[PDB]
Structure formats: C-alpha cells, structure tokens
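# Inside the fold
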Number of protein chains: 2
Amino acid sequence: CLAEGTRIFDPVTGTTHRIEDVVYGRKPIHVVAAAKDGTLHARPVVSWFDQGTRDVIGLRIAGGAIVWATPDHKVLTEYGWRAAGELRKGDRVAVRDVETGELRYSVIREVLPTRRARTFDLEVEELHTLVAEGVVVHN
Amino acid sequence: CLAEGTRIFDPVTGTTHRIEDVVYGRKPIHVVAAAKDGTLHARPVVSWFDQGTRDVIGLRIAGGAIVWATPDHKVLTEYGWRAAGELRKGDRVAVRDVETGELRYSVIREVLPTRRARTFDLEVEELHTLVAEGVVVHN
Ligand SMILES: [Zn+2]
Ligand SMILES: [Zn+2]
C-alpha cells in the first residue's frame, strides 16, 4: 500500500499525478512499469484501490525522493523484490533515471519513522509494477 | 498478505504445501498462476516473504475452501481484481477447477470475522498471481 501524496509519473502524457487523485476519480492513466528482464515500459492502470489508512514508513532516496509506503510493500532493490520495512540506510533501490528513463539503483539516505495516512494501490496491465516517487515498486 | 495454513498447490509436482513452510525454507516450488487473458499456467516462486501478523478475514467458497487473507488482498472476481475486505456472500471469485484445471467462478458462502495470524507472500515469475485454497489471488 502507498500513502496519499505519492507521485505517479504518467509516462505517456508526461503528467505527474498524486496517487489518491488517480484513485478517487478512477483515472485511466499510464505509469512506468519494469519488465522482469529489468526495463521500463508504459502501461495503463486497469484497477484502482482505496486501501484505507495504514501505517507507512518513508524511504528518502538519493536525489530527493521520499517513498511513503506500508512496510510490506515490495520495492525493487539490489536484491530484487523486498519489503520496505526491512530496508535500511545504504540499501539500494531500483529507480527511473529522470534523464535517460532507464532503471538504475540509488542509495537510501534515511528511513523515516512510521505514520498513519490514507493508502492506495493501482494494478497495471501485464508487467504488474509502477514507478512511484522515482522508485520502482510492486503494483 | 495470506495467513499461515494457506494451501498452495504445486501444479508441477502435484504437491500441496502450507504457505508458511514455503516461506520458512525459501522453497523453490511452483504455483498455478493465471495470465491476464484469464487462464492458468505453472510458474516458479522467485521470492518469499514473512509479512508478519496482521488481520486476516476469511472467505468460505462453494466447494469447501476458505481463504484467510488481509482485507486488502486482491482476489480475482466476476469483476476482476478486488479487495478481500470489500467482498460479500454471493460474490463470485475466480478459482481453479480441481478437475479440468480451468478458471471459473464460485460463490462465496460466508465471509468470516477478522483475526490475528502470521501472514506471507510469494512473488511469481511473470504472471504475478497464485492459486491459494483453490482461489485465484494477487501475488
Ligand atoms: Zn498486479
Ligand atoms: Zn508480483
């Protein structure tokens, strides 16, 4: 689950949305998703979910981004799918290079304390993952 | 997230496992996964997760099965991905016909009250879903 305020870049329209708005209006946007062979493609959001308030932690990535998600959220790392919760400073997560648009790895700056906040999800045709706050994560 | 005691049928070895054991021993098993075109294929478990205790609800399906999962778990239904929590008696979920091995829909008999219990997850190569307790669900 992802907290409200999570930025989801629409690779097709270049537009950046706040996840909750995508959900609230069941908006048919696209997101950047990475194939198992580690890549990145444009994919439509076929499902929307208002998961409700839960506890989210926050991983501040090198570059500036900060992901707020439920400790169980799978994040792509220098290992492959892992749980946000079981991640620490120094660990590298998969991200979308804003320039090239390629998958690379950024170090976590610091892991922020848990908090309450609305949460959401989005399923994505095929690939099954999305790029949120510049970080590749499990859809 | 899925509660301990969840049965995962290994389509390749015909063997039925209890999810937690798969996790505890990082067992490289296979599960039945359905392609977006609604089907069912054999797929290897590439990841394992010990999600920890959470609250799980239980959907008792026609035929006998009973799925215990976190209210946010996506289940394939006569609608497509939905959250276990927001499901009621009469709703139909996608399942694996034990005989033919085809995807079909079974009615929910009753939705059981929430409870505490260890939870787990398994990622599955490609398809991204598994058949648990005879019910198709989101991996
Ligand atoms: Zn998915
Ligand atoms: Zn997956």
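Presented here is a report on the structure given in the accompanying data block. For each chain, positions are counted from 1 along the sequence as written; this may not be the entry's numbering. Residues without coordinates are not shown. Starting at A for chains and at 1 for ligands, labels are handed out in the order in which the entities are written. The side-chain quantities take in all heavy atoms of the structure and omit both hydrogens and water. Residues with missing side-chain atoms are left out of burial classes, side-chain pairs and their counts.

Under the scheme used here, helices are H or I runs from DSSP no shorter than 4 residues and strands are E runs no shorter than 2 residues, and both carry numbers assigned from the N terminus. Within chain A, the secondary structure is distributed over 1 helix and 14 strands. Pairs of residues are marked as contacts when any of their non-hydrogen atoms sit within 4.5 Å. Here the contacts in chain A between residues at least 6 apart in sequence split such that 58% fall between residues at least 24 apart.

What follows is about the relation of the copies chain A and chain B. Each copy is superimposed on the others by a least-squares fit restricted to its C-alpha atoms. Overlaying chain A with chain B gives an RMSD of 0.0 Å, the required rotation being 180° about an axis along which the chain moves by 0.0 Å. Between the two chains, the operation in question is that of a two-fold axis. Of the C-alpha atoms belonging to chain A, the one lying closest to the rotation axis is found on A:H128, 3.5 Å away. Most of the interface of chain A is mirrored in chain B, where 100% of its interface residues again form contacts.

Any N, O or S atom lying within 2.8 Å of the metal counts as a donor, and for Na, K and Ca the limit rises to 3.2 Å; water is left out, so some sites can look incomplete. Of the protein atoms, only A:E123 (OE), A:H128 (ND1) and B:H138 (NE2) coordinate the zinc ion (ligand 1), at distances of 1.7 to 2.7 Å. Here A:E123 is found in strand β12 (residues 119-124), whereas its partner B:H138 is found in strand β14 (residues 135-138) on a different chain. The same class applies to A:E123 as to B:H138, namely buried. Working definition: with a 1.4 Å probe on protein chains only, accessible area under 20% of the residue-type maximum means buried, over 50% means exposed, and in between means partly exposed.

Moving on: the packing of aromatic side chains. Classification of ring pairs uses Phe, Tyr and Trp, with its six-membered ring standing for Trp, and accepts pairs whose centres are within 6.5 Å; under 30 degrees between planes counts as stacked, over 60 as edge-to-face, and the remaining range as tilted. Under the definition given, this model contains 2 aromatic pairs over all chains. Judged by centre distance (5.7 Å) and plane angle (85°), the ring pair of A:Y24 and A:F120 falls under edge-to-face. With A:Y24 in helix α1 (residues 19-24) and A:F120 in strand β12, this pair connects stretches of sequence that are 96 residues apart. When its relative accessible area of 0% is taken as the criterion, A:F120 is described as buried. One cation-aromatic arrangement involves A:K74 over B:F49; the distance from NZ or CZ to the ring centre is 4.7 Å. Whether a charge sits over a ring comes down to the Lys NZ or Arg CZ being within 6 Å of the ring centre and within 35 degrees of the ring normal.

The next thing to look at is the interface of chain A and chain B. One frequently used descriptor of interface size is the decrease in accessible area upon assembly of the parts. The partner chain B presents 18 residues to the 18 residues of chain A that form the contact. For the side of chain A that touches chain B, the elements supplying multiple residues, two or more each, are β5 (41-50) and β12 of chain A. Residues belonging to the side of chain A that touches chain B are distributed by class as follows: 5 nonpolar, 5 polar and 8 charged. Three categories are distinguished: nonpolar for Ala, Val, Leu, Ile, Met, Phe, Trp, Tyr, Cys and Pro, charged for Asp, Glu, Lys and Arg, and polar for the others, with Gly belonging to the last.

DSSP bridges decide pairing: two strands pair if at least two such bridges lie between them. As defined by bridge partners, strand β10 (residues 92-96) of chain B adjoins strand β11 (residues 103-117) of chain B across 5 bridges and the pair is classed as antiparallel. Its bridge partner being in β11(B), B:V93 is matched across the sheet by B:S106.

A few words on the environment of A:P71. Topologically, A:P71 is positioned in the loop between β7 (66-69) and β8 (74-75). When the C-alpha positions of A:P71 and A:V31 are compared, they lie 22 Å apart, and in sequence the two are 40 residues distant. Those residues in contact with A:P71, other than ones at most four positions away along the chain, are A:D55, A:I57, A:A83, A:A84, A:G85 and B:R54.

Below, the discussion takes up the pattern of salt bridges. The working definition used for a salt bridge is a side-chain nitrogen of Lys or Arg within 4 Å of a carboxyl oxygen of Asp or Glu. All told, the structure shown has 18 salt bridges over all chains when counted by the stated rule. Ionic pairing is found between B:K36 and A:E125, a salt bridge with its closest N-O pair at 3.7 Å. Here A:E125 lies in the loop between β12 and β13 (129-132) and B:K36 lies in the loop between β4 (30-33) and β5 (41-50), a pairing that spans two chains. Given the relative accessible area of 67%, B:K36 is considered exposed. Looking at A:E125, the relative accessible area reads 28%, which means it is partly exposed. B:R116 serves as the salt-bridge partner of B:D55, at 2.6 Å between the closest nitrogen and oxygen.

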